[PDB]
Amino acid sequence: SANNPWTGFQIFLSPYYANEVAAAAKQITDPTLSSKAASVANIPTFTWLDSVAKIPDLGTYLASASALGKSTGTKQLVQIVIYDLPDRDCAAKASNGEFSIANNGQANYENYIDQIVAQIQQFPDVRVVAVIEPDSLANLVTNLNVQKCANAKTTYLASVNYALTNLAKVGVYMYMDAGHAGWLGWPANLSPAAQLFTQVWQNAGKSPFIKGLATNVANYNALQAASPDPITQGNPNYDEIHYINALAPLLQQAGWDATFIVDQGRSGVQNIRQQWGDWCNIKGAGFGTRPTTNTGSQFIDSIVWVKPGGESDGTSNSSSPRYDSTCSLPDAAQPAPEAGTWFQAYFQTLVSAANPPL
């Protein structure tokens, strides 16, 4: 499209990920690998607003970005993930969301959005790009047979709508999560997905700030695969570019000339999964293509690092109340700590296996 949110902006680097990476790099004993690891702090990632407790951090990042812009002569851009739906991750065996549909989930989520908007409103000289609710709408395409998802459908739609409608009022550029090629990219899922995303876009007023969709968030697919990963058998859309090429025209027909961003933060190593749906701490993952607007596709505004590589996807301890057995599969790195917390061994392998090399 004409307006790529990233062009002409300097991405604000997460200080939290920078601190995690710096602390991680000094534990890496090999001096050469340690310095490659340290350099990861210079690679832009998305900050996950996975709870209300993260909202004050958003405020600090906006204010810091505003001051950095002025100190360096640049316009700054802060990258966030909106990730706090009630009954979050409805098809998972476990979720870490603080809100539940049964306990005023929708009102509580609206207040979470209101607090985010109230921060963003104070810093108009900082641009914000937001990924909207990973692991949400995609479940409403393929997983309505999951009773928790069926029961969450109206709340997911209403809450995502509230986020889109109100973040648009403060000029946030938004990409709705849209799963990945092995979820919604199956040819038979493309039209139901397009119908859902278009309805969501319509309900939120077709705001031009709703730029399109984010794919491969927290996943491991190739953007452009040299040869199909065996996990993809039966799906001609075996990588993200095939998925996006197939989905984009369906959105365009509805009057939404949507563009896309693609997570590649853990895509450096292909052919590491036994089944395509295995998502938790996949062993042997490497850092992938660094974020860039040089995407190789008319439809793709940026390759991004949404999931911050090195933060666990979930614990492998079956005694945890948050335990999801996906995290104990043979292709999941174990033992693994609780979701979101630092997983040092996994980070070190992400560095060692980075492709392109760091």
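In this text, residue numbers run from 1 along the sequence as written.
Looking only at CA atoms, which has the higher mean B factor in the entry: 66-74 or 321-329?
In the deposited entry, the stretch with the higher C-alpha B-factor mean is 321-329.
Looking at the deposited entry, does 246-254 or 259-267 carry the larger mean Cα B-factor?
Stretch with the higher mean C-alpha B-factor: 246-254.
Looking at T47, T293, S35, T60, which has the highest Cα B-factor in the entry?
Highest C-alpha B-factor among the listed residues goes to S35.
Member of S95, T165, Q119, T155 with the greatest C-alpha B factor (per the PDB record)
In this record, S95 carries the highest C-alpha B-factor of the candidates.
For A41, does the deposited CA B-factor place it in the lowest, middle or highest third of the chain?
CA B-factor rank for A41: highest third.
Among the chain's modelled residues, which third holds the C-alpha B-factor of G171?
It falls in the bottom third of the chain.
Taking the C-alpha B-factors as the PDB entry records them, is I28 in the lowest, middle or highest third of its chain?
Highest third, going by the recorded CA B-factors of the chain.
Taking the values exactly as deposited, rank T7 by C-alpha B-factor within its chain and report the matching third: lowest, middle or highest.
Middle third by C-alpha B-factor.
Based on the deposited C-alpha B factors for this chain, I'd like to know if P208 is in the lowest, middle or highest third.
For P208, the deposited C-alpha B-factor lands in the lowest third.
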